[PDB]
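What follows is a single structure, written as structure tokens, with notes after it.
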Amino acid sequence: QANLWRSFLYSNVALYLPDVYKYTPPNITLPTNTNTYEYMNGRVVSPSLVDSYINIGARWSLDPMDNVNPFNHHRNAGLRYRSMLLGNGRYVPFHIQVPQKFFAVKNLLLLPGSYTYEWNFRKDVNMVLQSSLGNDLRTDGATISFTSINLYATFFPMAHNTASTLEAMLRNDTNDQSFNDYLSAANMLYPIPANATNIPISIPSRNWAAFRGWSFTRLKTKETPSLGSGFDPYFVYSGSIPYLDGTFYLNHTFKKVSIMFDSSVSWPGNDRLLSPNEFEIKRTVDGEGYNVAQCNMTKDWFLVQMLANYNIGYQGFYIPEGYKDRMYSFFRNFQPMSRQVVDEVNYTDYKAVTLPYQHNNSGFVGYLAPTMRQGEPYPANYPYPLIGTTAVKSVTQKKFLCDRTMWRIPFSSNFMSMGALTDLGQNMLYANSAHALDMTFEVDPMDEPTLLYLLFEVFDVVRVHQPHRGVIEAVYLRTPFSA
Amino acid sequence: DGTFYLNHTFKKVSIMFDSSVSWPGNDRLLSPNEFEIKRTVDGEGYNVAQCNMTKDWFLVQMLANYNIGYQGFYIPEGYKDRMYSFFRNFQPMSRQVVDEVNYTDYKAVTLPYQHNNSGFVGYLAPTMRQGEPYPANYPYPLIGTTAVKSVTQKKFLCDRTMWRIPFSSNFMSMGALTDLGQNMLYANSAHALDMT
Amino acid sequence: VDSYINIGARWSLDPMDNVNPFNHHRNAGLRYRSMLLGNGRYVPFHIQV
Amino acid sequence: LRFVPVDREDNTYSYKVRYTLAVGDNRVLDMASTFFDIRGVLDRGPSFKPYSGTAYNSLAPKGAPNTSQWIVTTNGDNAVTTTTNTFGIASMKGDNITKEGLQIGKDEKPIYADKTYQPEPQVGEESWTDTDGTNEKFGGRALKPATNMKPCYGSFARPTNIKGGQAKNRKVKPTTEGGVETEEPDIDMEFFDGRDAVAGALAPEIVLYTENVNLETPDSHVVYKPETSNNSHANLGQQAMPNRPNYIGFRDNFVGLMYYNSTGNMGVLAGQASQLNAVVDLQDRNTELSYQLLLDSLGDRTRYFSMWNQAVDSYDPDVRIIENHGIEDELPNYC
Amino acid sequence: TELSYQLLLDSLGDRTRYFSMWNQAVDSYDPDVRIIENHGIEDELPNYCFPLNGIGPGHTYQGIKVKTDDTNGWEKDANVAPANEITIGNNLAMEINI
Amino acid sequence: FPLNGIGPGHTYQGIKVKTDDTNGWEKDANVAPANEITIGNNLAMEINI
């Protein structure tokens, strides 16, 4: 049982630690490119970093693991299934059917006539292919070549009379098909420099009609490619792109959100929160009494998220029914965690033993490497017993994880989704006046460049008209932030 | 008991009425006169689902079971996808195997002459270990810098289910009494049906 | 059928393809119905049909 | 109904395709029912490894070497390369050895081991009650010092005959009569005796068939090797680890195979009566994310559809957050 | 008739639940046995089995202390046992791939 | 299995055929006097996992 547990812990955690925690074994020369598969296969992580006793008896995710993408794993069922679908060989001729995804023409009912249909396809391997390690596939010899691309279309064998009536009835001005994009948000990307914790943004004066709220999450510039460039020469990452597939994993890194309108008034103000002027997402070190769920999240943020998602919070808190708790929802992925660690300051007999000086399982494990056994059977000095008659003084740590989800701040008076057109969306002051919106975020600093994804919830609609044979006219309207 | 496990063994189905006319004919399929269930070795372009099944057969099965196929393809809701249904048990599979013809250094080593894990496993039997630690000759590496030439194989499995060919003009279960069931020609005329 | 058989592939064995898969001891229903009677060779039963 | 492209263009990173979507009279077409069929070739690369562990000698100890030889140079007063330092096991049992190797049967006439495949590394004694001390005759195979020392774990050498023999061919057979060289396998026979074997009691007891193979480790790397040189006694104990897994395949819902939200690569859908394009697209929009959230909303996202590569990305919940329940190990286990 | 009942009772209810009254336990197979998922083997870490006493067989050793006389050599120490069993190097072990 | 694959071995010296009038066996001298090679099968212990 100990061996099975150690194998699990190593193969699923230790090899995925950041490269700062690994070393190059001697007599071995490794490529200078840190994005190469050879480099990642040649580095050695000490097994004692994540051992069988790591946070014994605790529900706790590792802090270094917390900022690492969890979908770049071989436990990814979807990725391994899609890998096995092609086959087990390096060389494969493929045959796939790709859908249409544009919101205007993915459900349009096309009428009789002759049209020209055209589209572009990518040949970049770092975009069309996904790997569990995230290594640069451009430099590792991946190649994709298209032989023939065809378009298939099926028709309902409708009776000719009913069909003719259908086109007759569908070419009028009142029978224009209308479609909208599901996300229905204008996407804004803002840089966060390395180790920067404060990111203020500014939007100049504009009409704020039809605003359904905000949505925001953090990203990684190494992972997110440049948008609109037919080929991005700085993309060296072949893993999950959260910007495109929705696998967000850095929501917990936020501290507080501040909203200012016209640089003077605060939203929502009106003393609607315990911290009236900002949105305290999490409040660590403190704890005067404004935390919930046995984690570090604040009461106001929990109430706001619950009201925004499931309309729950004004009449008690309860588990939402499953058909609203979808995979990309909030309550599905909210995971409070807590653990105890030794008290450095107050424990009189505390010593800070470093990793090369800790012996546990000594004589039956390797020394700083997944190698042969070496040593003596001797009593351990690691870790500190947090239970028993001789337990040590401890201090509690709290945090939370919330993946594949977007923080949401709705633009409604009571934070409840009564309708698509929010109440303040049709408010007089935001009907005709112009206001410039100021935001200031607070985040946990990280040693890599990051991007603050912002979604300005809007209405993105298109009205497509086909008055005669072979004629299509589409009228677009985005409100607000118009094109 | 309904535990059917040999549905994939079919190749094509041909329907003839009065020994002259074909059902459904009217050029309703890519292969108008027969029903090509699967098309191996070939592959001019009439396969789907990354397996060897043909497009027409997939469309027919989907329309017969879930009324899906005329307005896009999607996963049916669970309360129609019962255990003995089609989409529940349809399992496309694919694999790569070594290229016998084109790999210049290919040898056909038989089972008694293949050693892998030699010295730590038995020889052709679940018995004690015997042998020497030696490099293996089996199998052929299909990955890595020294991967071998390969050829892809495709097939599919579909258990505890019945192939269905409905007697309707548009292969859709609009009602228990099919449209052609109450058709004049099949109302009073007599026809002898030939299948192959 | 060894540890390397179709390594890294989703593939059922071709000889296995024409063999009845429900004649297996992994059959949950069959083993449940076997255990319902008992574990012994001799059993007096009592059923409702 | 299928449509063949009316024009096609290839660029360095883009594949331009143009069609003529002709909807017939008294018909309708649902654009949700249309898709593109793509057929092509993919070379995933040498970084691809859709499995964990090794496929060759998986059960071997990770420090265990093959039967292999090394050269001990040790030039003192003169250049005396000792050589033929051997280390391994011989597992086949024969009746006798005279000069031709391991006898493996009789027919009067004694049959001898065929050097091309015999002795088979996969065979040996059948039962544990060998009880062998009566001056037995044993044979085996070994690797000549010209092949690089490698751990047994992960070792592979391609077969060179139908019988499974992996020996290469030694092209150096120049006939002395001015004729072309002849191919033959580089398999040599070495004989060994015991410890005392003073003057006349010199009868061979182990016959090893040394050879050279195309040794390679295609899914593993060495994690411990003392000396940068090769073929040393210290190199018998190098330790090997399997290569990290790397599953490479198309993205979910073929995200990225088509161009979206790029003004320079914008798709065109227009009736030919006019030329105006009904598709207007902006760089501030995310089509892929919109489809992902939509198809989350309209259905369950754990089911898999192979047609659209509809297999959501996920992670093991026990790997993201670690449940350290301990280890139920009250009972001792023995071998 | 039997097939008709089987398909009917599939249609009217869920077929993974078990009812002992009618022997209502559907036949099935292990999905990992019909189609083989060869994910490989996670065996990066070596596993060992050790002797019952931790260390393997040892060797006999006698205590010796420094010489306080004019010659600073080594004489037999006599508060020490003549036969102390101590193993040098590493212990004995065998390897297994679980 | 043991860490080195095979178990403990035995010492062996190389010998080559005699090119002289007597076709016997003399000590070969490009060979090491102490080559450790195991005959039979290796050492192993059994366990029911």
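How things are named: the first chain in the structure tokens is A, the next is B, and so on; residues count from 1 in each chain; ligands count from 1 in the order shown.
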
>> Need the shell around region 114-119 of chain B: protein/DNA/RNA residues with any atom at most 6 Å away, counting only C-alpha atoms. Skip same-chain ones fewer than 2 positions apart. Format as an NGL selection string?
In response: (:B and (111-112 or 121 or 130-133 or 136)) or (:D and (57 or 122))

How would the residues just chosen look if you wrote them out with C-alpha atoms as a PDB file, in the first residue's frame?
```pdb
ATOM      1  CA  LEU B 111       5.113 -16.338 -31.379  1.00  0.00           C
ATOM      2  CA  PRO B 112       7.585 -18.969 -30.043  1.00  0.00           C
ATOM      3  CA  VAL B 121       8.393 -14.473 -17.491  1.00  0.00           C
ATOM      4  CA  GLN B 130      13.131 -18.747 -17.235  1.00  0.00           C
ATOM      5  CA  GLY B 131      15.650 -17.127 -19.536  1.00  0.00           C
ATOM      6  CA  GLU B 132      18.200 -14.319 -19.716  1.00  0.00           C
ATOM      7  CA  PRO B 133      17.891 -10.540 -19.408  1.00  0.00           C
ATOM      8  CA  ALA B 136      13.435  -7.398 -26.718  1.00  0.00           C
TER       9      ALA B 136
ATOM     10  CA  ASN D  57      11.527  -5.495 -20.368  1.00  0.00           C
ATOM     11  CA  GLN D 122      13.354 -16.853 -23.635  1.00  0.00           C
TER      12      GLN D 122
END
```

Restrict the calculation to only C-alpha atoms, then for each residue of chain B with any atom at most 8 Å from an atom of chain C give the closest atom pair and their distance in Å to one decimal, rows by chain and rising residue number, as JSON lines.
```
{"residue": "B:3", "atom": "CA", "partner": "C:22", "partner_atom": "CA", "distance": 7.6}
{"residue": "B:5", "atom": "CA", "partner": "C:20", "partner_atom": "CA", "distance": 6.5}
{"residue": "B:6", "atom": "CA", "partner": "C:18", "partner_atom": "CA", "distance": 6.6}
{"residue": "B:93", "atom": "CA", "partner": "C:11", "partner_atom": "CA", "distance": 6.0}
{"residue": "B:94", "atom": "CA", "partner": "C:11", "partner_atom": "CA", "distance": 6.6}
{"residue": "B:95", "atom": "CA", "partner": "C:9", "partner_atom": "CA", "distance": 6.1}
{"residue": "B:139", "atom": "CA", "partner": "C:4", "partner_atom": "CA", "distance": 7.6}
```

> If we count only C-alpha atoms, which residues of chain F reach to within 12 Å of chain B? Please list them as JSON, numbers by chain.
Replying inline: {"F": [1, 2, 4, 5, 6, 7, 37, 38, 39, 40, 41, 42, 43, 44, 45, 46]}

>> Quick check for you: according to DSSP on this backbone, which residues of region 164-324 of chain A are classed as alpha helix (DSSP H)? Reply as a ChimeraX atom specification.
In response: /A:164-170,242-245,299-310

Let me see the file: selected residues, N, CA, C and O atoms, as an mmCIF file, in the first residue's frame.
```cif
data_model
loop_
_atom_site.group_PDB
_atom_site.id
_atom_site.type_symbol
_atom_site.label_atom_id
_atom_site.label_comp_id
_atom_site.auth_asym_id
_atom_site.auth_seq_id
_atom_site.Cartn_x
_atom_site.Cartn_y
_atom_site.Cartn_z
ATOM 1 N N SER A 164 -42.162 25.411 -51.152
ATOM 2 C CA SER A 164 -42.392 26.663 -51.864
ATOM 3 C C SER A 164 -43.140 27.654 -50.990
ATOM 4 O O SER A 164 -42.818 28.848 -50.968
ATOM 5 N N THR A 165 -44.148 27.176 -50.260
ATOM 6 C CA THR A 165 -44.823 28.034 -49.294
ATOM 7 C C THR A 165 -43.844 28.557 -48.248
ATOM 8 O O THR A 165 -43.949 29.708 -47.809
ATOM 9 N N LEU A 166 -42.882 27.729 -47.838
ATOM 10 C CA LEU A 166 -41.909 28.155 -46.837
ATOM 11 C C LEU A 166 -41.045 29.305 -47.343
ATOM 12 O O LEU A 166 -40.866 30.309 -46.646
ATOM 13 N N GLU A 167 -40.485 29.178 -48.551
ATOM 14 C CA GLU A 167 -39.728 30.315 -49.086
ATOM 15 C C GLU A 167 -40.620 31.529 -49.312
ATOM 16 O O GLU A 167 -40.198 32.664 -49.078
ATOM 17 N N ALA A 168 -41.856 31.318 -49.763
ATOM 18 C CA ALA A 168 -42.753 32.450 -49.970
ATOM 19 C C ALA A 168 -42.985 33.203 -48.665
ATOM 20 O O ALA A 168 -42.994 34.438 -48.632
ATOM 21 N N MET A 169 -43.156 32.461 -47.572
ATOM 22 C CA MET A 169 -43.475 33.078 -46.291
ATOM 23 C C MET A 169 -42.231 33.633 -45.610
ATOM 24 O O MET A 169 -42.332 34.497 -44.733
ATOM 25 N N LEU A 170 -41.052 33.127 -45.973
ATOM 26 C CA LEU A 170 -39.814 33.495 -45.293
ATOM 27 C C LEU A 170 -39.042 34.616 -45.980
ATOM 28 O O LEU A 170 -37.973 34.992 -45.491
ATOM 29 N N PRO A 242 -7.036 28.535 -22.203
ATOM 30 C CA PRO A 242 -8.269 28.895 -21.490
ATOM 31 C C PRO A 242 -9.040 30.009 -22.160
ATOM 32 O O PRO A 242 -10.266 30.082 -22.012
ATOM 33 N N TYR A 243 -8.356 30.877 -22.902
ATOM 34 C CA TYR A 243 -9.038 31.946 -23.618
ATOM 35 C C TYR A 243 -10.021 31.401 -24.646
ATOM 36 O O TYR A 243 -11.016 32.063 -24.961
ATOM 37 N N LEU A 244 -9.775 30.200 -25.170
ATOM 38 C CA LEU A 244 -10.585 29.642 -26.244
ATOM 39 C C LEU A 244 -11.471 28.484 -25.824
ATOM 40 O O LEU A 244 -12.564 28.339 -26.372
ATOM 41 N N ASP A 245 -11.038 27.654 -24.876
ATOM 42 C CA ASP A 245 -11.808 26.478 -24.501
ATOM 43 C C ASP A 245 -12.506 26.603 -23.154
ATOM 44 O O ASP A 245 -13.353 25.762 -22.837
ATOM 45 N N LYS A 299 -18.254 37.097 3.008
ATOM 46 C CA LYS A 299 -19.690 36.852 2.928
ATOM 47 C C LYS A 299 -20.305 37.550 1.724
ATOM 48 O O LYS A 299 -21.131 36.964 1.011
ATOM 49 N N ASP A 300 -19.919 38.805 1.490
ATOM 50 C CA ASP A 300 -20.517 39.577 0.410
ATOM 51 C C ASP A 300 -20.235 38.941 -0.942
ATOM 52 O O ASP A 300 -21.120 38.881 -1.801
ATOM 53 N N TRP A 301 -19.004 38.470 -1.157
ATOM 54 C CA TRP A 301 -18.669 37.867 -2.440
ATOM 55 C C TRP A 301 -19.448 36.580 -2.664
ATOM 56 O O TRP A 301 -19.903 36.307 -3.780
ATOM 57 N N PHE A 302 -19.606 35.772 -1.614
ATOM 58 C CA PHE A 302 -20.391 34.550 -1.738
ATOM 59 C C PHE A 302 -21.837 34.873 -2.077
ATOM 60 O O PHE A 302 -22.439 34.241 -2.952
ATOM 61 N N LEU A 303 -22.403 35.877 -1.406
ATOM 62 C CA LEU A 303 -23.777 36.270 -1.693
ATOM 63 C C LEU A 303 -23.919 36.767 -3.126
ATOM 64 O O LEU A 303 -24.888 36.427 -3.813
ATOM 65 N N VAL A 304 -22.954 37.559 -3.598
ATOM 66 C CA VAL A 304 -23.020 38.091 -4.955
ATOM 67 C C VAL A 304 -22.928 36.969 -5.980
ATOM 68 O O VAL A 304 -23.703 36.930 -6.943
ATOM 69 N N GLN A 305 -21.985 36.041 -5.799
ATOM 70 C CA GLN A 305 -21.852 34.941 -6.750
ATOM 71 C C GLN A 305 -23.100 34.069 -6.759
ATOM 72 O O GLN A 305 -23.593 33.686 -7.829
ATOM 73 N N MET A 306 -23.631 33.756 -5.576
ATOM 74 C CA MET A 306 -24.830 32.933 -5.495
ATOM 75 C C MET A 306 -26.022 33.619 -6.154
ATOM 76 O O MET A 306 -26.765 32.984 -6.908
ATOM 77 N N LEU A 307 -26.221 34.914 -5.891
ATOM 78 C CA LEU A 307 -27.335 35.617 -6.519
ATOM 79 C C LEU A 307 -27.160 35.695 -8.028
ATOM 80 O O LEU A 307 -28.121 35.501 -8.780
ATOM 81 N N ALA A 308 -25.937 35.969 -8.491
ATOM 82 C CA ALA A 308 -25.689 36.092 -9.921
ATOM 83 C C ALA A 308 -25.947 34.782 -10.644
ATOM 84 O O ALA A 308 -26.510 34.777 -11.744
ATOM 85 N N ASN A 309 -25.543 33.658 -10.052
ATOM 86 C CA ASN A 309 -25.668 32.379 -10.741
ATOM 87 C C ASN A 309 -27.044 31.741 -10.555
ATOM 88 O O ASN A 309 -27.724 31.428 -11.536
ATOM 89 N N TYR A 310 -27.463 31.534 -9.310
ATOM 90 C CA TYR A 310 -28.625 30.705 -9.023
ATOM 91 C C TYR A 310 -29.769 31.460 -8.364
ATOM 92 O O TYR A 310 -30.726 30.821 -7.912
#
```

>> For a quick test of understanding: name the residues of chain D lying within 6 Å of chain C when counting only C-alpha atoms, and present them as a list in words.
In response: residues 50, 51 and 55 of chain D

Please determine the contact residues of chain E with respect to chain B at a cut-off of 7 Å, counting only C-alpha atoms, and supply them as a PDB file with C-alpha atoms, in the first residue's frame.
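Written file, selection07.pdb:
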```pdb
ATOM      1  CA  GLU E   2     -38.977 -12.990 -23.906  1.00  0.00           C
ATOM      2  CA  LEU E   3     -37.377 -10.358 -26.139  1.00  0.00           C
ATOM      3  CA  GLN E   6     -36.851  -7.423 -22.204  1.00  0.00           C
TER       4      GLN E   6
END
```

>> With only C-alpha atoms considered, list every residue of chain E at most 7 Å from chain A, as a list in words.
In response: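 Those within range of chain A come out as residues 42, 43, 44, 45, 47 and 90 of chain E.
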
Serialized selection, N, CA and C atoms, as a PDB file, in the first residue's frame:
```pdb
ATOM      1  N   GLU E  42       2.140   3.318 -14.689  1.00  0.00           N
ATOM      2  CA  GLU E  42       2.848   4.352 -13.936  1.00  0.00           C
ATOM      3  C   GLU E  42       3.795   3.658 -12.965  1.00  0.00           C
ATOM      4  N   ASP E  43       5.047   3.492 -13.384  1.00  0.00           N
ATOM      5  CA  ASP E  43       6.048   2.768 -12.608  1.00  0.00           C
ATOM      6  C   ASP E  43       7.375   3.518 -12.590  1.00  0.00           C
ATOM      7  N   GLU E  44       7.330   4.822 -12.329  1.00  0.00           N
ATOM      8  CA  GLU E  44       8.569   5.588 -12.259  1.00  0.00           C
ATOM      9  C   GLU E  44       9.387   5.210 -11.032  1.00  0.00           C
ATOM     10  N   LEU E  45       8.726   5.009  -9.894  1.00  0.00           N
ATOM     11  CA  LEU E  45       9.422   4.777  -8.633  1.00  0.00           C
ATOM     12  C   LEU E  45       9.750   3.301  -8.465  1.00  0.00           C
ATOM     13  N   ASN E  47      10.345  -0.156  -6.393  1.00  0.00           N
ATOM     14  CA  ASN E  47       9.782  -0.764  -5.194  1.00  0.00           C
ATOM     15  C   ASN E  47      10.692  -1.895  -4.743  1.00  0.00           C
ATOM     16  N   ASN E  90      24.976  -0.778   1.967  1.00  0.00           N
ATOM     17  CA  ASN E  90      23.524  -0.797   2.048  1.00  0.00           C
ATOM     18  C   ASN E  90      23.026  -2.199   2.376  1.00  0.00           C
TER      19      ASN E  90
END
```

> What residues in chain E lie within 6 Å of chain D, counting only C-alpha atoms, written as a PyMOL selection string?
Replying inline: chain E and resi 39-43+95+97

What does the file look like for those residues with C-alpha atoms, as a PDB file, in the first residue's frame?
```pdb
ATOM      1  CA  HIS E  39      -2.718   3.577 -20.899  1.00  0.00           C
ATOM      2  CA  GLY E  40       0.592   2.001 -19.964  1.00  0.00           C
ATOM      3  CA  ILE E  41       1.900   1.633 -16.431  1.00  0.00           C
ATOM      4  CA  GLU E  42       2.848   4.352 -13.936  1.00  0.00           C
ATOM      5  CA  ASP E  43       6.048   2.768 -12.608  1.00  0.00           C
ATOM      6  CA  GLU E  95      13.098  -5.399  -6.881  1.00  0.00           C
ATOM      7  CA  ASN E  97       7.216  -3.959 -10.409  1.00  0.00           C
TER       8      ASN E  97
END
```

>> Could you work out which residues of chain E fall inside 6 Å of chain C? Count only C-alpha atoms, and format the result as number ranges by chain.
In response: E: 25-30, 35-39

With C-alpha atoms retained, export the selected residues as a PDB file, in the first residue's frame.
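Heads up, here's the output in out_34.pdb:
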```
ATOM      1  CA  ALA E  25     -30.462  -8.131 -12.971  1.00  0.00           C
ATOM      2  CA  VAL E  26     -29.417  -7.263 -16.515  1.00  0.00           C
ATOM      3  CA  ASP E  27     -26.460  -8.972 -18.138  1.00  0.00           C
ATOM      4  CA  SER E  28     -23.462  -6.735 -18.812  1.00  0.00           C
ATOM      5  CA  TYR E  29     -19.723  -6.767 -19.439  1.00  0.00           C
ATOM      6  CA  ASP E  30     -16.780  -4.793 -18.137  1.00  0.00           C
ATOM      7  CA  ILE E  35     -12.294  -2.530 -25.526  1.00  0.00           C
ATOM      8  CA  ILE E  36      -8.783  -2.435 -24.077  1.00  0.00           C
ATOM      9  CA  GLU E  37      -7.448   0.925 -22.827  1.00  0.00           C
ATOM     10  CA  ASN E  38      -3.673   0.428 -22.802  1.00  0.00           C
ATOM     11  CA  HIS E  39      -2.718   3.577 -20.899  1.00  0.00           C
TER      12      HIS E  39
END
```

> Taking only C-alpha atoms into account, what are the residues of chain D at most 8 Å from chain B, put as an MDAnalysis selection string?
Replying inline: chainID D and resid 30 32:34 45:49 55:60 65:67 89:92 120:127 140 152 154:164 166 215 218:219 299 303 305:307

>> Give me, as a ChimeraX atom specification, the residues of chain E touching chain F, with the criterion being at most 8 Å (counting only C-alpha atoms).
In response: /E:93-96,98

>> Applying 9 Å and only C-alpha atoms, which residues near residue 34 (chain F) remain after dropping the ones on its own chain fewer than 4 positions away? List them as a PyMOL selection string.
In response: (chain D and resi 85-86+195) or (chain F and resi 10-14)

>> With 7 Å as the limit and counting only C-alpha atoms, what residues in chain A lie close to chain B? Please list them as a list in words.
In response: residues 85, 86, 87, 88, 89, 90, 91, 92, 95, 96, 154, 155, 156 and 157 of chain A

> So how many Å separate CA of residue 129 (chain D) and CA of residue 204 (chain D), to one decimal?
Replying inline: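 Spanning CA of residue 129 (chain D) to CA of residue 204 (chain D) is a straight-line distance of 24.2 Å.
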
>> Set the distance at 12 Å and use only C-alpha atoms: which residues neighbour residue 167 (chain B) once local chain neighbours fewer than 2 positions away are removed? I'd like the list as JSON, numbers by chain.
In response: {"B": [15, 23, 24, 60, 63, 64, 164, 165, 169, 170, 171, 172, 173, 174, 175, 176, 177, 178, 179, 180, 181, 182, 183, 186]}

Deliver the residues from the most recent selection as a file, using C-alpha atoms, as an mmCIF file, in the first residue's frame.
```cif
data_model
loop_
_atom_site.group_PDB
_atom_site.id
_atom_site.type_symbol
_atom_site.label_atom_id
_atom_site.label_comp_id
_atom_site.auth_asym_id
_atom_site.auth_seq_id
_atom_site.Cartn_x
_atom_site.Cartn_y
_atom_site.Cartn_z
ATOM 1 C CA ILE B 15 -33.621 -4.328 -50.932
ATOM 2 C CA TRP B 23 -36.017 0.445 -52.043
ATOM 3 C CA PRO B 24 -35.721 3.283 -51.400
ATOM 4 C CA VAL B 60 -30.236 6.247 -41.321
ATOM 5 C CA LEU B 63 -32.967 9.199 -38.003
ATOM 6 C CA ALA B 64 -34.519 5.823 -37.166
ATOM 7 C CA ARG B 164 -32.986 -0.828 -38.152
ATOM 8 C CA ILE B 165 -34.206 0.163 -41.624
ATOM 9 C CA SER B 169 -40.147 8.094 -46.926
ATOM 10 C CA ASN B 170 -37.767 10.139 -44.744
ATOM 11 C CA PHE B 171 -36.613 7.353 -42.372
ATOM 12 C CA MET B 172 -38.215 9.204 -39.439
ATOM 13 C CA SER B 173 -40.632 7.691 -36.915
ATOM 14 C CA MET B 174 -43.467 10.175 -37.282
ATOM 15 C CA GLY B 175 -45.952 7.526 -36.157
ATOM 16 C CA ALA B 176 -46.495 3.845 -35.543
ATOM 17 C CA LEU B 177 -48.390 3.464 -38.818
ATOM 18 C CA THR B 178 -45.711 4.506 -41.293
ATOM 19 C CA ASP B 179 -46.580 6.696 -44.263
ATOM 20 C CA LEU B 180 -45.726 3.955 -46.753
ATOM 21 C CA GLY B 181 -47.654 1.519 -44.569
ATOM 22 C CA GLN B 182 -50.828 3.265 -45.729
ATOM 23 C CA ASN B 183 -49.545 3.878 -49.272
ATOM 24 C CA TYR B 186 -48.581 -1.077 -50.757
#
```

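Reported to one decimal place, the separation of CA of residue 54 (chain E) from CA of residue 351 (chain A) is 29.1 Å.
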
>> What's around region 24-34 of chain A at 8 Å? Count only C-alpha atoms, leave out sequence neighbours fewer than 6 positions away in its own chain, and write the answer as number ranges by chain.
In response: A: 40, 42-44; D: 223-228

> Residues at most 10 Å from residue 35 (chain A), counting only C-alpha atoms, excluding those fewer than 4 positions away in the same chain, as a ChimeraX atom specification?
Replying inline: /A:31,39-40,133-137,139-140,236-238
